[PDB]
Amino acid sequence: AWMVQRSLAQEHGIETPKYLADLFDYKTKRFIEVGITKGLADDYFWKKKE
Amino acid sequence: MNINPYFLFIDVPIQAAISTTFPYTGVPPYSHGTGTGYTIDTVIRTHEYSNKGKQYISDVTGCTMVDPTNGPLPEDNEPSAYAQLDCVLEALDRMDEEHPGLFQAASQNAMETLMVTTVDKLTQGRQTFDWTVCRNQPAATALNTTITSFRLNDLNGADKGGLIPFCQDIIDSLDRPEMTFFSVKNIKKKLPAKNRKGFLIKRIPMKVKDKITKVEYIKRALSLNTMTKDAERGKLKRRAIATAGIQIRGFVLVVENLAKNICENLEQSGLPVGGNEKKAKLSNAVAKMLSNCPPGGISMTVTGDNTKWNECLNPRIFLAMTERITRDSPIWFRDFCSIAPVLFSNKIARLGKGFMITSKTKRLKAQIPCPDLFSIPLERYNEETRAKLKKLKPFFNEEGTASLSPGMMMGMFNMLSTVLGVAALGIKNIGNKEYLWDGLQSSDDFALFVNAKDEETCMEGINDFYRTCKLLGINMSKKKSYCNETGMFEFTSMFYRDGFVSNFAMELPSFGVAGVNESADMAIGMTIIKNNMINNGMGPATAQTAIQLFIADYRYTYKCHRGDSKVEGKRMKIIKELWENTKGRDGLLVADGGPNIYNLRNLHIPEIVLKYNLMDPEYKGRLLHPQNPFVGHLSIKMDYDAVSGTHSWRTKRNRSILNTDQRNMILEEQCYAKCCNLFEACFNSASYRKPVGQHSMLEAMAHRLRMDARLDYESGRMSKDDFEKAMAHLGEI
Amino acid sequence: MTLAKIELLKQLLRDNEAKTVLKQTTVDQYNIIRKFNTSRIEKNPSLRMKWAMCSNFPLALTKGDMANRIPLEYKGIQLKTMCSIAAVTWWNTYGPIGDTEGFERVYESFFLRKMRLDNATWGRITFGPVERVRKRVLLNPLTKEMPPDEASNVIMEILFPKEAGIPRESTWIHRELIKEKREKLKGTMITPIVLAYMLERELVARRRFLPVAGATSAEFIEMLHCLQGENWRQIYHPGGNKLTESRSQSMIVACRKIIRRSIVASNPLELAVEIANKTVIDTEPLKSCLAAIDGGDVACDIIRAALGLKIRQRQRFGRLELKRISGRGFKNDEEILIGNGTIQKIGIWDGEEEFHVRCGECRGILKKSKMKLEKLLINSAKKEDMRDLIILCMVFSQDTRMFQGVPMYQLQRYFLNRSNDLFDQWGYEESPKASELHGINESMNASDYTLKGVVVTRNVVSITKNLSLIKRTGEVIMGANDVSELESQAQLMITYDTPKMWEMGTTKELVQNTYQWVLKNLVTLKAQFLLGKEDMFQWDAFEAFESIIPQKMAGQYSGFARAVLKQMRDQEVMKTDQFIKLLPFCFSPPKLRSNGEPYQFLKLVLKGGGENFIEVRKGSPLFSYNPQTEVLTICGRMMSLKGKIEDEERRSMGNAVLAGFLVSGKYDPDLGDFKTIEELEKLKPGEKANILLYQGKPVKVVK
Amino acid sequence: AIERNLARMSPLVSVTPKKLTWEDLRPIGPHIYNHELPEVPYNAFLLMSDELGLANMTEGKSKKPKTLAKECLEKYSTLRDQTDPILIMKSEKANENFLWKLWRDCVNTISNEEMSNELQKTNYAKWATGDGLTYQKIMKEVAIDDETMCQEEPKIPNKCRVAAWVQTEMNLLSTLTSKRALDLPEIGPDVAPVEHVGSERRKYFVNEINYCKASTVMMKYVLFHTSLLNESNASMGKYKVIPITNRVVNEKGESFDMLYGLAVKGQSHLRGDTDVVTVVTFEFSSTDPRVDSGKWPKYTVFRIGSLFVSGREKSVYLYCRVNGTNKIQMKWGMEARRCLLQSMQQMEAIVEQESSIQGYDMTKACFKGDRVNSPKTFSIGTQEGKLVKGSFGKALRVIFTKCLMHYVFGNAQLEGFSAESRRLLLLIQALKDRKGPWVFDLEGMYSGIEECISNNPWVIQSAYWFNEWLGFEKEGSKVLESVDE
RNA sequence: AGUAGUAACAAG
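Protein chains in written order, with this note's numbering: chain A, 18 to 67; chain B, 2 to 734; chain C, 57 to 759; chain D, -5 to 479.
Below, the structure is given as C-alpha cells:
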C-alpha cells in the first residue's frame, strides 16, 4: 500500500502524504481518505482536517 | 660453544619475550578418523562427576537421567558437579544487592528485543544440527528445512514474522503424535571401476519424505551432533565438541542476550567486551586493587584456570539462574527463558561415526556404526575402548545415542556462565576473615586478586574461594592454576607485567592470504598489517617486512607475479602481454603483475583508489566495467574497504564429493536463487534493506509489476500494445 | 524492463516447483531463502584458496551477454568451460572498455583519504616514552553523522525512493543532503548496492576503542598506525579543512596542560607566556586559536589574559552556549539522589551566577543560585529552539526538580529525548501580566499557566603572577585553582615548539624522562652531594616532576626525601638506587612535622590512577631495582647501573628508608609485631623497632 | 547458605597452597638423560644443516624446474652418471635396489630431452610410493560375522633420549653464510620519517637473517612445498619427480641456482586435509652418516662420488628416505616465511625500548655500537659449563632459527609442551623478580609437561636446554637471597 | 613401507 502511494506520488510529481491513504483518482492526481461515521458527518470531517 | 635459546631469558624477562614461547609458525594438530572415542570419554566423565546424585528413568524420552544438583558434597579434590541451589541463589542475591535494578532491567531489554526479533535472526550461527537430514548444515539451510517441514504438520508460526510464534510452534511440535517432514535419501547406483573390487557406488541424493513417532522426534529435537575439534592450539590430546539443533537456538539467544546485559554492567566481567576495550577495562580493574591494598599487607594475583568447565556445570542450575533473574518480568517471559535450560537438562548426545575394525592379515577395514556398536563381542574392541563401552551401557540408547542430563558438552551459555563465575567473585569474604578477594571472569578462565595483611591469610582466602566455587559446580584446576604477588599474571592469554605486554605470535596466522579474493585480500592484508602496528606492537621495520612477505605470498597464491619478471605460467603468459601493452605501468594492480606501491603511510587507502591517476583509460575501463561477469550477486569476522572491480570474483561451490552426483541438490539451490534474483529485480532495495511482509512473495511482486506497467503506459514508456500484453500476463497469475 | 520481468515471472510460475516457493514463502522469509546453501561452511579458506588456484577452473562466471565475449581458449591457455584465473587477466587486457563516469563521485569517501595524505606535511620523529590511553574514537570522518536506523532511511530515499515505506521525520530533516547526493549519484552505471555501501561508510559512524595519545579526531585516527608507538612519536599534519569544534577541544586541552606545569615554578605567569607563545594546535598557533574562536573555558581566559587578548567568558553545555554577565561559581562534589533511585557523584555549582544565553536561533538571559532556577527571561523563536533552551538551562542550573524526575552530559541526552518527565515534575504558576511579558506551557505555545520561573518577553582585566584574573575594583573572576583537573585527550595534534616539550607530558612520560636525566648525570650529581649541601635539590629538571605530585603531599615528600638523603650524606651508609629514586621529590619546599622531624612514608603517590606510585622500601610499577643483574626498571624500560655502584654497597636497605632511623641488628620476635608509620613516628630517639622492607626481608631498626 | 555449607563440607576439599622455591623446581623430563632409551632420530621432511646444493651459475632469472635440475646435474656430470655406487648405510625396512633404481629413474627422466617429468609406475616406484597398501572397505554385516577383525591398539610415540645432533642443528643453522636466499619483493617509496627509519632498520635486521644458514634452509622448504602442493593437485594419479630447488645470491651479487636433490611424488588423490601423499627424498650431503649413526636410522645412504673443496676430495653421499606429508603441512610450508616476522618483531621491540631510553634510533648502537654506546650483548649459550656472550645479530638469528624449528618439528607434542611449560616459565620469572610465587599442585604441572616429552627432537632438546638454563638461574639466585638480610 | 600418533590416510 505504501509502495503504491509512493510510486504514484513520485511519478505524477507531488508530495507523499504522511498518513496511509485509502484511494487515489488518476484524473484528479489527488489522494482520497474515506471515513464512515455514525452521528454527524461534519464532526468527523474537521477532526480529519487537524 | 653450544647455543641455548632459553638463555635469552637471562637478559630479557619472560613477559617481554613471550612471543618466542608461542610456536604459531608451526602446524596445528589436526584430528584423524572417528571422534566417538573422544565423545564417549566426555559422556563417561560428565556422569563420573555426578554419579553420587539422584538417578531416574525419564518417562518422556525413555532415558537414564542423572541429577547432581542438591547432591552429596565432595570429600576430595576431584571435579564436583554437586552444586547447591541455596549457595547459588545467595551469590545471585549478593549480586542483586550490589547491582540493584540490573536483574529486572536486563530482563526487559531482552524481552523487548525478543518482541522485535524476527525469525531470520537465527540465520547467523555457523553450523547447526539439521534434525531433518541428521547432519550439520548452515543456519539458513537448517532453518528453511524446519520451516517447510513445520508447514506439513500445520505449524505456520514462521509465516507471522516474529521469533515468538516460531518458538511457540517448536514447543507445540513436541506434543504432535506424528511428524511428517522433508528429508534426503541416497541412490546407490553401481558403475564399473578399475580398483580392486571392480565397481563403484555412485550415490545420488534427492528430496523425499519421512514420518517419525512422538517419542523418536522429541529425541531428535533434544540431540547434539558431536565431532572432534581440528587445529586446536597449545594442547597435546584432541577432544570432542557438540553442535545443537535449530529448535534450541531461538531460546539460547534470549538467555544469552539476558546474561549479556548483566555482564556489560558487571565491573569484573571479561565478556562481552573485547580487544582494546577489554584491555582498557582490565587495566582499570588492576589499578584499583593495587591502590586498595592496605599499608604493609599483600595483594596477590592468582593466574586462574578451571578444569572440566562444561562437564560439571549443570543445566538445572542455569534453569534456577533464569528464574531468579527474571523475577519482576511477566509469566510468559519467565517461561520463555526457562525453556533453553530445560532442553539442555533432557538432552541426548549423538556419538559420531563409530569405531573401525580391521584385520592386518587380510588387509580389510570396516566402520561399525553407533546403532551396531554392541553387536559384537567387547573383546574384539581394544583394551581402552572396552572399558569405555562398559561404563557407557547404562546411558546408551537403542538408536545409537547416549543420554546426558548433566554437563553441557560444548555449552552455548558463555555469558550466563560468566555471570555464575562473577557471582563467586562477588562474595569477596567468608567468615569475616582478614582478607578481601575480587577478580576477573571470562567463562572458564579467571584471575583472582586477594588483598590481606599477610600471605598465610591470602592462601586461606584462595582456599575459601576454591571451596566456594565447588558449591556452584566450578572446579579450579590446582594443576594448571598458580599464584604470586600482584604485578604480573595471565588472563585469556593476555600477559600482564605492570601493564599488559604485547604478544605478536597470537595474531601471526592472520598475516597470510585470507582466501576471499584478489581485491578483498589485498585490502585485508594491508589492514591486518595496519592494525597490528596499532595494537600488537609491530614496529615499522617488521611492518614493512610484513608488507613484503604479503605480496610474495599474494603473488605465489594468485600466480600474478611482476610483468617484467620471467616467471612462466598460464596467467603469467597474458600478464607479460599486458605489461607491454599498458603505458602507465605504476597504474597496474599487483593482481595484474603491477608494482607494489604500498608503504606504512598508505595502508588504509584502497589500491584501485591509490593508483587511479596513474592508470590508462582503456585499462581502468576494463577493470571497472560496470556489468562484468566476474562480480556475482553481492549483498551488504571483520570488514574491509575495497573498490568492486573485476578482481572481486567468487569461487565455485564445493560439490565434487566422492563420486556424488548432486544435480538434484543444486536444483533446489537454483530454484531459490531464481526466485530471489527476480524479487531483487522487482524490489531493488531488497539487497540493501531487509524486506518486511507476512503476505505472499508472489503478491508483493505481482502488485509491484502491475503498478510498473500502469505508470510506464501513462508516462509514455510502453506503447498501447506492450501495456495490454503486460496486463494480460498478470490476469493469468 | 517491466515487460521483461513479467515474461520471466510467468515462465518461472509455469514450473510447479518454483510456483510452490513463491506462493508459500512470505516476504519476511525471502531473507531466509536467499542464504539457502546446501554444500558446507568452509572451515579453512586460506588452504582452499591455495588449493583452488593449483587446479584449472576454480572461478565462476555469471551467465549474461558480456560473459560470451571471453573465448574458450587463448594461445593454448584454457580460459573457460566456470573459468580459470587467466580469464580474469584476459578481461583486463583484451576485454570491453566500459563506462567509468561518476566513479570519483561514488567513491568520494576514499579519494578524501588520499588527498588528506597527499596534501599532508609530516613533521619530526622523536624517540621517547608514550602513554597510550585506550579510548573510544571515530575511525573515519563522515559527511554527516547519524544512527544506523536514521542513516538507512536517508540512503533509501536517495537510491530506492519508491520502496521507502512510511515517510519519517528524517526525510524532512536531511532534505538538502538527499537532494545533493541524488544529483551526484545519477549518471553512473554502477549497481545500487555498491552506492548504498559508499553512502553508509560516509554516514553510519564506525567507532572503536584504540590506543590514543594526543590525537582523537578521525583524520588522525585513520593514520593512527603511523602517528605513535609505545616508544616513539611522529608529528603529522593532515590535509584539508578542519572543524572549529575540533580546534576548540584541543585549545582547552592545550591551555589546561600549560597551567598544570606553570603553577609549580616561581613566577607561573612567565612560563605560561613562554610556553603559550610556542604552542601549535596542529598547524595554527595557540594565539590564533584563542583569538579566532569565541569560546573556550576557564583555562583559555587565563592564557588569553597572560598573552594579552580579550577574555570570552563563555561556557558551552553541548547544544547550549552561555556568556557570563555577572557572578562567580565554585564546584562542589556532592552525592545527589536521582528520582529513579540511584546515588551519583555530581559537581554542584555554588553561589549566584547570571549568564547571557543563546541556543541556536533563540536567545535569553539566565539567573540561578545553588540548585535553583530563579528566573529565565527568553525570546520568541521556533518550537525546537525554545524547548531545548528551557531544558538545557534547567539541566545546567542543577535544580532539585530536575534531579527528582528520572554525569551532566548524560542528563542532557536523557532530557533532550524524554522531556515529559521534567515538565511535569517542575510545576507551574501564573503568567506575568505586563505589556511586553508573556508565558508558555509544555508544548511551546502562549498560555496563562506558565512554567515555574520561566518568562517569555518580546524585547531582545589584568592577570597576576600566580595566574588569577583581577578586575580594577579588586575582585577576581578566574583563578589558577579554578581550572578543571580532567586531563582529557586532545582532538588535534599539540606540538610545543620548545626544547622542553616533554615537560607538558603524561605522568609516566615525566617519571621516566626525569629518572633518565638523573642516570645520565649521576656522575656529577653523586659527586656534588659530598660537597654542595642544598645546591642540587633545586634543579631546573625537577620542576616538571613536582607538577606530577599532588599539591597537598608535595612538601611532605620533600621533607621526607631530603632527610633520608641527608642520612646517606652525613653518615657512611650510601645507596645509589635509593639516591636515584628519592632525588626528584626534593625540589618542592619541605614541610616537616610540629616536632621538627619529617613525615614518614611507605609509598609516594603520583597523579592519575592507582598504578602511579613509587615505593620507598619495595619496588613498584614505575620504579624497581634488581641488584643481581644491576638492572634498574623504569616504567617497563631497563637501564644498567653497572660501573656506578660502590664496593661497600653490597649494606641493608632499612638504613635509607625512614628518616632518622638505622639498622642495629635483625628481626627480634621479643619486640612483637611490625611497627606501622604512626607507631614509628611516635617512638623516642634511641628506641628499637621491627620493620618489613618487602614481604620476606624483616629488619630491626633503631631511632 | 554458602557459609553453612562450607563449614559442613569436608576439610579434605582444599586448594593445598605451597610456596614455591628453587629446590622445588626439579629438572623437567628426567627420562631424556637415561642412556637405556634410544636417542631421538632425525625426522624432518628435508635435510637442514647436512644439505649440499650442487651450485650452477645462471643469468639470475626464473627457469623451469626440470631444465634447472638438468643443467645442475650437467655441470656435475660425475655424480649424475653414477651406476656403481657404494652403500654406506641402510634403514631397517628400506630396499637397496628399489631406492637406487628409483634414483636412476629420476636422474634419467630429468636429464632427457622430453617435457614430461612423469616417472613410470614401476615395481621399485610402487614400493617406495606405497601402492595398494590401504585396507579394503567391506560392509558392516560381513565384518561383524568375521571374528578375526578387531579394533587396533593405537601406536603411541616412542620415549627417546637427548640426541647431540639437535644441538648441532641449532648451532649450524644460526651461523652466518655468504649466501642470501630470501625473495623479498619491492615496496613503495619512503615519504614519512617512520618509513625512512623502518627501511633503515631492515638493512640491519633482514641482512642479518638473510645471510644466515637457517634462512637458506627456510626458502628450500617454502619453494619445495609450493611446487609439491601444485603437483599434488595438478597430477593426482601420476607418479612425478620434483627437484629440490633454491635460488641464491652472494655478497657481490652473482646468482647461483642450488640443486639439493631430487624427490619422487607418489599418487595424491587428496580429498581430506589430513590425507597423505608419499614423497621419497633423495638428497645430497657431505656428512658421513657413520660419524653420528643414531641420527640416521630412517635414512638409506649411498656414497655417490666426491667434490674438490679446500685441497682434498670430500665424499658426496646420497641420503635416500621414504617420507610423507599432507595438504595442511604443505600449506604451512608455503607460509613458513612468517618466521621472519615473529623473530624480527620481538627483537625490534627491544630496539624501540632502547631507543626510548637514549632518545634516538638505537639500531646501529645495538648491532655494531656507536660513539656513545657499546654493542647490545646477550647470553647466547654455554661453553665448558660457563656463560658465553653473543652479539645482537646472533640473538636475532637464534630466535629466527627457533621459529623455523617450530615449523620443522611442529606437532601436538610441541604444542602441549610449550603451552604447559610456559606456566612453569612464568613461575621462574616470579622467583627472579622476588614476588614469592605459590603453587597448588606442582606435580600436576609437571604431569602436563612431561607427557608431551616423547619423540620430537625439538621438545626433547628444549627440555635439556630448560634444565640447563634453570641451573644458571639457580646459581644467580644465591646473590638475591643474601641481599639486605 | 611411510606419514603420522590415542586413528586415520596410503584413492573411491
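Cβ coordinates follow ideal geometry from the N, Cα and C atoms, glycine included.
Item: 8 Å Cβ cutoff, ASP267(D) in contact with chain B; Value: yes
Item: Candidates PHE492(B), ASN537(B), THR142(B), of which the one nearest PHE512(B) by Cα; Value: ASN537(B)
Item: Any beta strand (DSSP E) of 3 or more consecutive residues that is wholly inside the stretch 163 to 218 of chain B; Value: 179 to 182, 189 to 192, 201 to 204, 211 to 214
Item: Cβ pair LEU68(C), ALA727(B) closer than 8 Å; Value: no
Item: Residues near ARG514(C) in its chain [Cβ-Cβ closer than 6 Å; skip 5 each side]; Value: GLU492
Item: Runs of beta strand (DSSP E) wholly within the stretch 173 to 217 of chain C (minimum 3 residues, chain order); Value: 177 to 183, 189 to 194
Item: Test: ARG693(C) CB closer than 8 Å to a CB of chain D; Value: yes
Item: Closest by C-alpha distance to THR339(C), when choosing among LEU363(C), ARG161(C), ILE367(C), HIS293(C); Value: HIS293(C)
Item: Residues within the stretch 46 to 65 of chain A neighbouring chain B, beta-carbon criterion of under 8 Å; Value: none
Item: Whole-Å CB distance - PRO21(D) paired with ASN461(D), under 8 Å assumed; Value: 4 Å
Item: Positions along the stretch 25 to 49 of chain A whose CB lies within less than 8 Å of some CB in chain B; Value: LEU25, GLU28, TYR43
Item: Bridge partners - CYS418(C), DSSP secondary structure assignment; Value: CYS415(C)
Item: Inter-residue spacing [alpha-carbon to alpha-carbon] between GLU486(B) and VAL451(B); Value: 9 Å
Item: Assigned secondary structure, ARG297(D) (DSSP; H/G/I helix, E/B strand, else coil); Value: strand
Item: Neighbour flag for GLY151(C) against chain A, beta carbons, 8 Å; Value: no
Item: Listed by chain order, chain B residues near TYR253(C) by CB distance under 7 Å; Value: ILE637
Item: Test: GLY221(C) CB closer than 8 Å to a CB of chain A; Value: yes
Item: Beta-carbon proximity list for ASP355(D), same chain, < 7 Å, skipping 5 on both sides; Value: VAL191, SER349
Item: Euclidean distance between Cα positions of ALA502(C) and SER436(C); Value: 10 Å
Item: Residues of its chain near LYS35(A), where Cβ-Cβ distance is below 8 Å and the 5 sequence neighbours each way are ignored; Value: none
Item: Per-residue burial, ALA1(D) [other beta carbons within 10 Å of its own, 16 or more giving buried]; Value: exposed
Item: Own chain partners of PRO324(C) with C-beta closer than 6 Å, once the 5 adjacent residues on each side are dropped; Value: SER318, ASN522, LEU523
Item: Reduced DSSP secondary structure (H/G/I, E/B, other) of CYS484(B); Value: strand
Item: Close Cβ partners of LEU128(C) (< 7 Å) along its chain, the five nearest in sequence each way excluded; Value: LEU135, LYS136
Item: Distance between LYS200(C) and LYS531(B) (C-alpha atoms, nearest Å); Value: 26 Å
Item: DSSP state of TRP290(D) mapped onto helix, strand, coil; Value: coil
Item: Alpha-carbon to alpha-carbon, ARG673(C) and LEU739(C); Value: 20 Å
Item: Integer-rounded CB distance, given that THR133(B) should sit under 8 Å from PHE200(B); Value: The Cβ separation is near 31 Å, so there is no contact.
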